[PDB]
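Listed next as structure tokens is one chain, alone, in the form solved without ligand APR.
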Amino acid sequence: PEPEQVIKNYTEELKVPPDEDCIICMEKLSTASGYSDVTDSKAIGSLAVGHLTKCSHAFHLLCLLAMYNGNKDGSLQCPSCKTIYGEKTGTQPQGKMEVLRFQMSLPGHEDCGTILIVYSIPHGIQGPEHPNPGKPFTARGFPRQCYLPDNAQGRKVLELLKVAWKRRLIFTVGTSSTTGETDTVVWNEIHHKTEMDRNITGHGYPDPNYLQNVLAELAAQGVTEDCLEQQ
């Protein structure tokens, strides 16, 4: 889990670095890391070069370490091909997700029924992964209802949302964009629809771009169609 440990976990030493540049610092792999002056490590020197263990893209290991300036969730993303090593997870506190389906249609989706997701997160105590470990956090507005059309795309989004939920990515502990309350349970860059009819609050359905948008948001957090498949 330690920052030097995860880089070794996802890399293999390149005995002879071929004649090429490291896309993180632009210095050739056969020469020193361009970030050696800034980044210090215990077991990684300026000349250490290695490749990621699925895509074989090569970098200075110190460059990759300086990159892993991020969440420190044990995950690492190739800057070249964006292949994700490990699994991005988040700080969603404990709670409950329930899924229902009814026949009534959402506006703009009169050809199908509706998926209803209900989330509930109780108040609690922040853990070491949270902004103020050991301090309380609050949780407003629960249970929260969210809506998806019960068509092929909405059913796919639902399956991905369940994965994001299990990865603690749906909610985080942060500052409410609406009340300014700090240390509270808020959304985490995966936008949900919380009303059926957008004309009441200005938020809801129809929204032709919504499903495409949320798939992209899920993918940016490493939740993809490939995550649904099992050998």
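A residue's number is simply how far along the shown sequence it sits, counting from 1.
Coordinates are absent for 1 to 3 residues of the deposited sequence placed between residue 68 and residue 69. Taking the mean C-alpha B-factor of each stretch as recorded, 209-217 and 17-25 are not equal, and the higher mean is that of 17-25. Comparing the deposited coordinates for 157-165 and 102-110, the stretch with the larger average C-alpha B-factor is 102-110. Residues shown: 182, 53, 188, 39. Highest C-alpha temperature factor in the entry: 39. Among 173, 196, 170, 32, the highest C-alpha B-factor in the deposited entry belongs to 32. In this PDB entry, residue 138 carries a Cα temperature factor that places it within the lowest third of its chain's modelled residues. In the deposited entry, the Cα temperature factor of residue 5 places it in the highest third of its chain's modelled residues. Ranked by Cα temperature factor within the chain, residue 60 sits in the highest third according to the deposited record. Sort the modelled residues of the chain by CA B factor and residue 125 lands in the middle third. Annotation for residue 80: CA B-factor lies in the highest third of the chain's modelled residues.
Omitted from view is the form solved in complex with ligand APR, to which the following refers.
Contact with ligand APR in the deposited complex, judged by any heavy atom within 4.5 Å, is made by just one of 144, 88, 109, 130: 144.
Interface residue among 176, 31, 53, 41, judged by heavy atoms within 4.5 Å of ligand APR in the deposited complex: 176.
Ligand APR is not shown here, and in the deposited complex it never comes within 4.5 Å of any heavy atom of residue 168. Contact check for residue 198: every heavy atom lies farther than 4.5 Å from ligand APR in the deposited complex. Among residues of the shown chain, residue 194 is one whose heavy atoms approach ligand APR to within 4.5 Å in the deposited complex. Proximity of residue 49 to ligand APR in the deposited complex: non-hydrogen atoms within 4.5 Å are absent; the residue sits far from the partner.
Figure note: of the listed segments 184-192, 59-67, 158-166, 41-49, the one touching ligand APR in the deposited complex, with heavy atoms no more than 4.5 Å away, is 184-192. Of the two rigid parts that shift between this form and the one not shown, one contains residue 6 and the other residue 110.
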